[PDB]
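Sequential numbering of the sequence shown, starting at 820, is according to this note's numbering. Heads up, the thing below is written out as structure tokens.
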Amino acid sequence: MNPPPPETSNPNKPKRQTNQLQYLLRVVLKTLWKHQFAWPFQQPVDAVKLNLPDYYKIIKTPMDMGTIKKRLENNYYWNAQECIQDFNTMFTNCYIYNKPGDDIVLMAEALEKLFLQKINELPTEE
Ligand SMILES: Cc1sc2c(c1C)C(c1ccc(Cl)cc1)=N[C@@H](CC(=O)NCc1ccc(/C=C/C(=O)NO)cc1)c1nnc(C)n1-2
Numbered sequence: 820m821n822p823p824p825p826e827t828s829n830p831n832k833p834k835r836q837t838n839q840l841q842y843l844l845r846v847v848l849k850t851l852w853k854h855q856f857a858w859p860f861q862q863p864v865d866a867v868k869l870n871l872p873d874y875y876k877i878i879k880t881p882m883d884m885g886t887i888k889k890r891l892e893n894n895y896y897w898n899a900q901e902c903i904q905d906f907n908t909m910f911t912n913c914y915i916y917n918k919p920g921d922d923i924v925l926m927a928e929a930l931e932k933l934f935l936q937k938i939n940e941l942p943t944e945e
């Protein structure tokens, strides 16, 4: 069975808007989301439909861009680092579960290259 998805709303979690978080939505997420290779990462891994019964035995901190998108739209984060960590968790999970040269790894690598290029221009905090 699939686990519940990561939370995207929690009144107990401190949060704010920052210009860096705005950039993470308007530049970083938008750039990756529209990419031809985005689709496997646009929602949680459905280990039932994909017949990956071991997925959530290996991947204990799942993350995906659907979750990130909702978190950004909900202003769920306190700082840019929290959101950058979610992106890196997503990429790392893919590399942990899969193997070098797999199609899904090539897709993650293409998205990660753009992620790195955009994060390199993260604005200074206002
Ligand atoms: C909806 C999702 S989420 C997700 C995947 C898919 C289809 C994929 C995946 C996505 C795109 C591509 Cl091109 C190949 C595999 N992988 C699995 C992991 C997975 O099933 N591995 C086995 C697998 C199954 C089918 C193919 C098909 C190739 C093909 O060319 N189809 O004809 C290859 C390996 C995986 N990991 N991390 C993520 C994220 N994924």
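In this text, a Cβ means the ideal position worked out from N, Cα and C, and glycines have one as well.
Heavy atom of ligand 1 within 7 Å of residue i beta-carbon
{"i": "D921", "result": "yes"}
{"i": "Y916", "result": "yes"}
{"i": "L869", "result": "yes"}
{"i": "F860", "result": "yes"}
{"i": "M926", "result": "yes"}
Cβ shell of residue i (< 7 Å), same chain only, five flanking positions each side left out
{"i": "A866", "result": "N821, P872, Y874, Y875"}
For residue j and residue i, the rounded distance between their alpha carbons
{"i": "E944", "j": "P919", "result": "37 Å"}
{"i": "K849", "j": "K832", "result": "25 Å"}
Close beta carbons around residue i, own chain, < 6 Å, minus the five adjacent residues each side
{"i": "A929", "result": "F856"}
{"i": "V846", "result": "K937"}
Supposed contact pair residue j and residue i - C-beta distance, whole angstroms, cut 8 Å
{"i": "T886", "j": "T827", "result": "6 Å"}
{"i": "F910", "j": "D883", "result": "That pair is no contact at about 11 Å."}
Contact set for residue i: own chain, Cβ-Cβ below 8 Å, skip 5 residues either direction
{"i": "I878", "result": "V864, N912, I915, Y916"}
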